[PDB]
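Everything on this sheet refers to the single structure shown next.
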Amino acid sequence: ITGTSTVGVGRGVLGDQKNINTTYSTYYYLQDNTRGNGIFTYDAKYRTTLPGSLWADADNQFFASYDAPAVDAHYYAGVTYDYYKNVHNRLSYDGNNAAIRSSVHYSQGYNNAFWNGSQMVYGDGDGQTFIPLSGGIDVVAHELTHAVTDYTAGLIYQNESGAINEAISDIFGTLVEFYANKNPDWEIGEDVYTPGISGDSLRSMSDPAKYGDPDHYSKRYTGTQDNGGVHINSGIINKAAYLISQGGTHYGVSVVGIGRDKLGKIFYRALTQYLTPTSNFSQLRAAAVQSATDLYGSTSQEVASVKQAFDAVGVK
Ligand SMILES: CC(C)C[C@H](NP(=O)(O)CNC(=O)OCc1ccccc1)C(=O)NCCCCN
Ligand SMILES: [Ca+2]
Ligand SMILES: [Ca+2]
Ligand SMILES: [Ca+2]
Ligand SMILES: [Ca+2]
Ligand SMILES: [Zn+2]
């Protein structure tokens, strides 16, 4: 909408107060004009019609319980935009500052979030498995990263290419969580998962097997559920990424860690310069080796550690 940029204040899903960029024209709208061609947050009103209504508020204060998922979807989209711009010199998901749109309050009891080809969408959860999913900064960044992938490598959402697609979203979701630096970890979705159980998460990158996901190519799933296990076999690549950053010895193979920033540079370059819609795990290894070679040199520790990490997870 046309209006003037304003700054509202509200409370997110976890009860924390934050400022949000809004736009005033009769109402205050969740429209942040400070980033690219805008970040826009919509109310889906418990229905499945998208996007719903651009979020309108009478007084620029967002402390109602119903407001909390919108506050966080809007704010964390801003953090994710900032990460891509400041760290990778990428302007929004398409590289040309496309408007970023999210809808909250999607459906009833909806234990998921997704990119629908055009926008982000967040359920409220059923209160048992999830609380409103925009409360997780790693979740928000996971979803926006699907848009980045779709505009760049274009990894098809099935089988190995789809597991790479998933892992890319978990990797950058985690790197955005570290960027914001509030309780960062290598777990996925812990802030919105199972409010009655402490210490768990949807997936672990540091130890995928904690939740039954494979941590070695020999343990990959090859059935048809979950688009050929895209959220399962992602564990193999998540483990490799964790090892590249943090190091460790895994199935007897020792990996020298090189840290998160270099992990992110290597995988961002792989995603945007080398991967294709049909890349498999072996082709990802080659892309990551080439990316590290471009950035750090063929004889570098970074290249050697990429090779060790993929060796550790059984990917040649
Ligand atoms: C980070 C997690 C909290 C959320 C994360 N969701 P996602 O983005 O991977 C789901 N996208 C998805 O299907 O895209 C395909 C698609 C394409 C066009 C249109 C629509 C859908 C996820 O791990 N879900 C699995 C666990 C959900 C437990 N009930
Ligand atoms: Ca209000
Ligand atoms: Ca965390
Ligand atoms: Ca996390
Ligand atoms: Ca929990
Ligand atoms: Zn995903």
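Identifiers for the structure tokens are assigned positionally: chains receive A, B, ... in sequence, residues are indexed from 1 per chain, and ligands are indexed from 1 in the order shown.
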
Identify, on the basis of only C-alpha atoms, every residue whose closest approach to residue A:221 does not exceed 10 Å; exclude the query and any residue fewer than 5 positions from it along the same chain; express the result as a compact mmCIF listing (two decimals) with N, CA, C and O atoms, in the first residue's frame.
# COMPACT_ATOMS: atom_id res chain seq x y z
N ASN A 159 13.77 -37.14 -4.09
CA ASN A 159 14.98 -38.02 -4.13
C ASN A 159 16.21 -37.20 -3.71
O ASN A 159 16.10 -36.36 -2.80
N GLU A 160 17.39 -37.44 -4.30
CA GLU A 160 18.59 -36.80 -3.78
C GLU A 160 18.58 -35.29 -3.99
O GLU A 160 19.01 -34.54 -3.11
N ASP A 213 17.09 -39.93 11.54
CA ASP A 213 17.52 -39.59 10.20
C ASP A 213 18.94 -40.09 9.96
O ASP A 213 19.76 -40.13 10.89
N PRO A 214 19.25 -40.46 8.73
CA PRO A 214 20.57 -41.01 8.42
C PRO A 214 21.68 -39.97 8.55
O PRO A 214 21.53 -38.79 8.23
N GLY A 228 10.36 -39.27 -1.60
CA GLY A 228 11.60 -40.01 -1.61
C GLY A 228 12.53 -39.64 -0.47
O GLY A 228 13.75 -39.65 -0.64
N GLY A 229 11.97 -39.27 0.69
CA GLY A 229 12.74 -38.98 1.90
C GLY A 229 13.47 -37.66 1.94
O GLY A 229 14.56 -37.58 2.53
N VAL A 230 12.89 -36.60 1.37
CA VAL A 230 13.61 -35.32 1.31
C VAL A 230 13.95 -34.77 2.70
O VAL A 230 14.99 -34.14 2.86
N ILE A 232 14.38 -36.68 5.32
CA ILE A 232 15.07 -37.78 5.98
C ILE A 232 16.52 -37.81 5.52
O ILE A 232 17.45 -37.63 6.32
N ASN A 233 16.73 -37.97 4.21
CA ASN A 233 18.07 -38.01 3.64
C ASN A 233 18.79 -36.67 3.72
O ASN A 233 20.01 -36.65 3.53

Once you count only C-alpha atoms and all ligand atoms, what closest atom pair and distance in Å to one decimal does each residue of chain A within 6 Å of ligand 1 have, with rows by chain and rising residue number, as a tab-separated table?
residue	atom	partner	partner_atom_place_in_ligand_line	distance
A:111	CA	ligand 1	29 (N)	4.8
A:112	CA	ligand 1	29 (N)	4.9
A:113	CA	ligand 1	6 (N)	4.8
A:114	CA	ligand 1	8 (O)	3.9
A:115	CA	ligand 1	8 (O)	5.9
A:116	CA	ligand 1	19 (C)	3.6
A:117	CA	ligand 1	18 (C)	5.3
A:139	CA	ligand 1	1 (C)	4.4
A:142	CA	ligand 1	1 (C)	5.9
A:143	CA	ligand 1	8 (O)	5.1
A:189	CA	ligand 1	3 (C)	5.4

Inset, instruction - For ligand 5, list the contacting residues at 12 Å or closer, counting only C-alpha atoms and all ligand atoms, as a VMD selection string. - result: chain A and resid 127 to 131 136 187 to 203

Taking only residues of chain A that have an atom at most 6 Å from an atom of ligand 3, what is each one's shortest atom pair and its distance in Å to one decimal, using only C-alpha atoms and all ligand atoms, in chain and number order, as a tab-separated table?
residue	atom	partner	partner_atom_place_in_ligand_line	distance
A:183	CA	ligand 3	1 (Ca)	4.5
A:184	CA	ligand 3	1 (Ca)	4.1
A:185	CA	ligand 3	1 (Ca)	4.9

Inset, instruction - Could you please write out, as a ChimeraX atom specification, every residue of stretch 248-295 of chain A that DSSP assigns to alpha helix (DSSP H)? - result: /A:260-269,281-295

Per-residue nearest contacts chain A to ligand 2, cut-off 6 Å, using only C-alpha atoms and all ligand atoms, as a tab-separated table:
residue	atom	partner	partner_atom_place_in_ligand_line	distance
A:57	CA	ligand 2	1 (Ca)	5.1
A:58	CA	ligand 2	1 (Ca)	5.5
A:59	CA	ligand 2	1 (Ca)	4.8
A:60	CA	ligand 2	1 (Ca)	5.4
A:61	CA	ligand 2	1 (Ca)	4.2
A:62	CA	ligand 2	1 (Ca)	4.8

Inset, instruction - Please return as JSON, numbers by chain: the residues of stretch 45-210 of chain A that backbone DSSP assigns to strand (DSSP E or B). - result: {"A": [53, 54, 56, 57, 61, 62, 100, 101, 102, 103, 104, 105, 106, 113, 114, 115, 120, 121, 122, 123, 130, 187, 188, 193, 203, 204]}

Using C-alpha atoms, can you write the selected residues to a file as a PDB file, in the first residue's frame?
ATOM      1  CA  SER A  53      -5.432  -9.821   3.911  1.00  0.00           C
ATOM      2  CA  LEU A  54      -2.460  -7.513   4.351  1.00  0.00           C
ATOM      3  CA  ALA A  56      -3.906  -4.139   9.405  1.00  0.00           C
ATOM      4  CA  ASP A  57      -3.743  -2.769  12.952  1.00  0.00           C
ATOM      5  CA  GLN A  61       0.997  -1.919  18.871  1.00  0.00           C
ATOM      6  CA  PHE A  62       1.054  -5.680  18.362  1.00  0.00           C
ATOM      7  CA  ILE A 100       8.763 -10.902   0.335  1.00  0.00           C
ATOM      8  CA  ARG A 101       5.258 -12.045   1.304  1.00  0.00           C
ATOM      9  CA  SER A 102       4.208 -14.255   4.228  1.00  0.00           C
ATOM     10  CA  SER A 103       0.826 -15.410   5.534  1.00  0.00           C
ATOM     11  CA  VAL A 104       0.207 -16.492   9.130  1.00  0.00           C
ATOM     12  CA  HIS A 105      -2.758 -18.196  10.778  1.00  0.00           C
ATOM     13  CA  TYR A 106      -2.933 -20.616   7.835  1.00  0.00           C
ATOM     14  CA  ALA A 113       5.186 -24.132   7.123  1.00  0.00           C
ATOM     15  CA  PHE A 114       6.061 -23.874   3.427  1.00  0.00           C
ATOM     16  CA  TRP A 115       6.970 -21.802   0.404  1.00  0.00           C
ATOM     17  CA  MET A 120       5.799 -18.133   2.741  1.00  0.00           C
ATOM     18  CA  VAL A 121       2.967 -19.751   4.705  1.00  0.00           C
ATOM     19  CA  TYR A 122       2.885 -20.590   8.447  1.00  0.00           C
ATOM     20  CA  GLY A 123       0.509 -22.741  10.431  1.00  0.00           C
ATOM     21  CA  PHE A 130       4.028 -27.182  17.310  1.00  0.00           C
ATOM     22  CA  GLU A 187      19.042 -28.142  15.761  1.00  0.00           C
ATOM     23  CA  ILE A 188      15.987 -27.368  13.583  1.00  0.00           C
ATOM     24  CA  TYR A 193       8.457 -27.768  18.555  1.00  0.00           C
ATOM     25  CA  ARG A 203      15.835 -32.482  13.198  1.00  0.00           C
ATOM     26  CA  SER A 204      19.427 -32.326  14.388  1.00  0.00           C
TER      27      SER A 204
END

Legend entry - Nearby residues (only C-alpha atoms) at most 8 Å from stretch 257-272 of chain A, same-chain spacing under 2 positions excluded, as JSON, numbers by chain: {"A": [88, 149, 152, 153, 168, 172, 175, 241, 243, 244, 245, 246, 247, 248, 255, 274, 275, 284, 287, 288, 290, 291, 292, 295, 301, 302, 305]}

Same residues, C-alpha atoms, output as a PDB file, in the first residue's frame:
ATOM      1  CA  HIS A  88      26.172 -12.893   0.456  1.00  0.00           C
ATOM      2  CA  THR A 149      16.951 -22.333  -4.084  1.00  0.00           C
ATOM      3  CA  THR A 152      19.003 -20.394  -8.340  1.00  0.00           C
ATOM      4  CA  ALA A 153      19.895 -24.103  -8.500  1.00  0.00           C
ATOM      5  CA  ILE A 168      20.247 -26.133   1.978  1.00  0.00           C
ATOM      6  CA  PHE A 172      20.945 -21.457   5.887  1.00  0.00           C
ATOM      7  CA  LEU A 175      23.318 -19.830   9.713  1.00  0.00           C
ATOM      8  CA  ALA A 241      27.796 -29.350   6.658  1.00  0.00           C
ATOM      9  CA  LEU A 243      31.364 -31.426  10.153  1.00  0.00           C
ATOM     10  CA  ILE A 244      32.776 -28.854   7.710  1.00  0.00           C
ATOM     11  CA  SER A 245      31.974 -26.056  10.155  1.00  0.00           C
ATOM     12  CA  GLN A 246      32.570 -27.671  13.538  1.00  0.00           C
ATOM     13  CA  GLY A 247      34.853 -30.635  12.827  1.00  0.00           C
ATOM     14  CA  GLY A 248      34.783 -34.053  14.445  1.00  0.00           C
ATOM     15  CA  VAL A 255      37.278 -33.640   9.805  1.00  0.00           C
ATOM     16  CA  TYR A 274      27.361 -25.049  -9.659  1.00  0.00           C
ATOM     17  CA  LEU A 275      24.230 -26.977  -8.662  1.00  0.00           C
ATOM     18  CA  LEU A 284      26.986 -31.670  -4.528  1.00  0.00           C
ATOM     19  CA  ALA A 287      30.241 -28.487  -6.404  1.00  0.00           C
ATOM     20  CA  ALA A 288      31.381 -27.868  -2.811  1.00  0.00           C
ATOM     21  CA  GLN A 290      35.009 -26.559  -6.665  1.00  0.00           C
ATOM     22  CA  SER A 291      33.453 -23.730  -4.635  1.00  0.00           C
ATOM     23  CA  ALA A 292      36.046 -24.080  -1.874  1.00  0.00           C
ATOM     24  CA  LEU A 295      37.341 -19.241  -2.678  1.00  0.00           C
ATOM     25  CA  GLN A 301      42.535 -26.564   4.449  1.00  0.00           C
ATOM     26  CA  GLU A 302      39.020 -25.590   3.380  1.00  0.00           C
ATOM     27  CA  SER A 305      37.955 -30.406   5.009  1.00  0.00           C
TER      28      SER A 305
END

Legend entry - Surrounding residues of residue A:156 excluding itself and chain neighbours under 2 positions, 9 Å, only C-alpha atoms, as a PyMOL selection string: chain A and resi 150+154+158-162+165+276-279

For the residues in that selection, give me C-alpha atoms as a PDB file, in the first residue's frame.
ATOM      1  CA  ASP A 150      14.041 -22.204  -6.521  1.00  0.00           C
ATOM      2  CA  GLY A 154      16.245 -25.070  -8.872  1.00  0.00           C
ATOM      3  CA  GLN A 158      12.321 -35.370  -4.895  1.00  0.00           C
ATOM      4  CA  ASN A 159      14.985 -38.015  -4.126  1.00  0.00           C
ATOM      5  CA  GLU A 160      18.587 -36.795  -3.776  1.00  0.00           C
ATOM      6  CA  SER A 161      18.085 -33.371  -5.379  1.00  0.00           C
ATOM      7  CA  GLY A 162      15.189 -32.828  -2.972  1.00  0.00           C
ATOM      8  CA  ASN A 165      17.114 -28.766  -1.346  1.00  0.00           C
ATOM      9  CA  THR A 276      21.462 -27.715 -11.159  1.00  0.00           C
ATOM     10  CA  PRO A 277      17.865 -28.927 -10.788  1.00  0.00           C
ATOM     11  CA  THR A 278      18.899 -32.581 -10.921  1.00  0.00           C
ATOM     12  CA  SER A 279      22.126 -32.542  -8.871  1.00  0.00           C
TER      13      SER A 279
END

Legend entry - residue A:110 environment, 7 Å, only C-alpha atoms, sequence neighbours closer than 6 positions dropped, as a list in words: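 The residues satisfying every condition are residues 123, 124, 125 and 126 of chain A.
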
Legend entry - atom CA of residue A:86 to atom CA of residue A:32, straight-line distance in Å: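 Spanning atom CA of residue A:32 to atom CA of residue A:86 is a straight-line distance of 17.5 Å.
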
Inset, instruction - Please provide the set of residues having any atom within 10 Å of residue A:71, restricted to only C-alpha atoms, with same-chain residues fewer than 2 positions apart removed, written as a count of residues only. - result: 26

Legend entry - Å distance separating atom CA of residue A:5 from atom CA of residue A:24, one decimal place: 6.4 Å
